[PDB]
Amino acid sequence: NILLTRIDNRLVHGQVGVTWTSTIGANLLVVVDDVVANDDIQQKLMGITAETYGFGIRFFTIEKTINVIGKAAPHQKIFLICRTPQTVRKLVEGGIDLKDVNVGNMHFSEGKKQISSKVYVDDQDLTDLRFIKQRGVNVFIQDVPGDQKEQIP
C-alpha cells in the first residue's frame, strides 16, 4: 500500500507534494508528524492542497501511524510524508515495512553540514538515515521526480 515515504521539512510542500503524489500515483497522503497531528489548525493549508488537487489526506501521530497503517485497504495507495529522518526511524523501529525513502528538504540549522543542494544533516541525522538503510530500506536524495538520485555518503 505504501508507495513511497518522503522526508521534507515542508511536509506536503505545495506543488512539490502535488508532483510526487501524481507521479507515483498515490491517492492518500499521510502526513506523519506529531506537532501537526496534535494541533489541528496547523493542518489547514495542507488540507487545501489535497482538496485542490483531489487526493485524500490524513494527519497522524507516529504512534497512530504505527497502530493503524496496516489496516489500509487495498484501494488506498499511500504516500507517507515525514518531517525528518527521526520520524522515519521511529516508523521503522515500530515495524513498518518501508521499501523506499526519498530525502527531500532538510534545512540548515547551526552545525549542520550540506550534503546535497537541499539537504543539511547533523551526525544524528546521518546515523538515523544509515539505520534506515541497514534495515534494508532504499534511501535516496531527490528533490523532485526526474532529478538525478543521490546516495547518502
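Numbers for residues come from their place in the sequence shown, where the first is 1.
Mean CA B-factor, 139-147 versus 8-16: the higher value falls on 139-147. On average the C-alpha atoms of 109-117 have higher B-factors than those of the other stretch, with 25-33 and 109-117 being the two compared. Looking only at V68, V88, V103, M46, the residue with the top Cα B factor in the deposited structure is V68. Ranked within its chain, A72 lands in the highest third, by CA B factor from the PDB record. The entry lists a Cα temperature factor for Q124 that places it in the highest third of the chain's modelled residues.
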